[PDB]
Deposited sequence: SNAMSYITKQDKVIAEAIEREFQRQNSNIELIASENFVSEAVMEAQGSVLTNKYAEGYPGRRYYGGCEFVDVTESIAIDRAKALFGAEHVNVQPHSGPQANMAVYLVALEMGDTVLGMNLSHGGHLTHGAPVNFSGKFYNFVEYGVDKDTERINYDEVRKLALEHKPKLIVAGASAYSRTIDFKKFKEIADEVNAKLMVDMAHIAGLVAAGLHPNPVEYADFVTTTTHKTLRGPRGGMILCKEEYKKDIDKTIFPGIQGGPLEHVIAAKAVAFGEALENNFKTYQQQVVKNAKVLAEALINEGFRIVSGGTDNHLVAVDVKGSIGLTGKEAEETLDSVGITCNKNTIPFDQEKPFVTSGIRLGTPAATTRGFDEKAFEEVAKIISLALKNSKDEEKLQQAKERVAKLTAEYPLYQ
């Protein structure tokens, strides 16, 4: 931060405070994560200066960004086994838009788990039908998904996308999609790191198209990626450029390469096994104390707690109470939530980031204890001060970026 402190003290101080915020709070923000120094060094490189419209081999001065882009693609194939990879999407939404633009005509029907946040492009230019989860199980009901598919005849079925805490069976989506002659897209943003580590089934075996963010469980820089069958390659590539993007962010793409190389290491699997163990420990500990967990558990890194049903606090109340003791999570609409969307019945907890900084089972059992202390005693200052001190013990035990 040498040059930036000299040039722009006010931005440099804000950046340092953001580092200290990430360090002094236990963030349990869904699928979010901490990237490596290597990843940040790539994003911060001179590749930001490069103008590289087009694709490797067919862009010019692009000889070296051809190397970093092609290695991003190679590593992506090694991780996920996809026939064709595009590492140019600027974000998940850009990856998603390109797929929709290829798979659909405007006005066509799409069947997906929930409509993101209609303002969203997917709801505006297409007839988006949601399947959600069953009111009794709080999980996907494949019978229900199939009935909707037969009734609405979507041209595209989407699985994933939502921050869902249970396994998604892509074989059963493929069966349903084939029955109604729909293409299948999976947005694996939340679970891509689990997929990479073999701990969630891989949608590439079944999907026409797979989109993802490169950040989150995959622990890369913020950005997107599309994997698809070879038959869609030409349309997908031209849709990304010049369809909806221009030049790619080659510094970010190099950083994608770095992250993908990390994900191919044996210790990434160990990492993701710890992420999932930690989430199970957290859920179980909360359950042991009377907290109802949506769907009664988790199969992944996410834990959704019904705080309203368990202790009578709203999700908004739970969120603020936790933030005040140093735990950052988000209020969450539970399935068929009676509370308004601004208030909600739930909070959503995710283990990737705290696991990256070193948290293990004992640490997550203590996090469960802290959460329970704070939420069950939300008006008791001594209790809250205790919780805050216990959060402080954990952060000091596991400092960020050492």
Residues of the deposited chain that carry no C-alpha coordinates are 1-3, 63-64, 123-130
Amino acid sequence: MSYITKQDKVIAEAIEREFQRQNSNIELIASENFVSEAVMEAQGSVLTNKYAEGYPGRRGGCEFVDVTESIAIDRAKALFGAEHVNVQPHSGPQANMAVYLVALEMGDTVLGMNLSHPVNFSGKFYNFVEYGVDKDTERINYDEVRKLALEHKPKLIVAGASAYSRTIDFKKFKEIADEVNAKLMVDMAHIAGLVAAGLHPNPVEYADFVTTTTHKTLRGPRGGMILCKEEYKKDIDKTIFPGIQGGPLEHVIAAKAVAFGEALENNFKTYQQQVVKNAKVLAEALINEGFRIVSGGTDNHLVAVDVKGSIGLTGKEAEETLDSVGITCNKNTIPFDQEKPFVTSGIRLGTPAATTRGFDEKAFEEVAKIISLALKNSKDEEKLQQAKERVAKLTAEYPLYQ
From here on, numbers count along this sequence of modelled residues.
Mean Cα B-factor check, 217-225 vs 261-269, entry values; winner is 261-269
Comparing mean C-alpha B factor in the record for 310-318 and 151-159, the higher one is 310-318
In this crystal structure's PDB entry, the residue among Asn278, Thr167, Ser122, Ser91 with the greatest CA B factor is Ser122
Among the modelled residues of its chain, the C-alpha B-factor of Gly60 falls in the third labelled highest
Split the chain's modelled residues into thirds by Cα B-factor; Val305 lands in the middle
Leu282: C-alpha B-factor third of its chain, per the entry, is the middle
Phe342: CA temperature factor from the record, placed by chain third, in the highest
Chain thirds by Cα B factor, record data; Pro352 belongs to the lowest
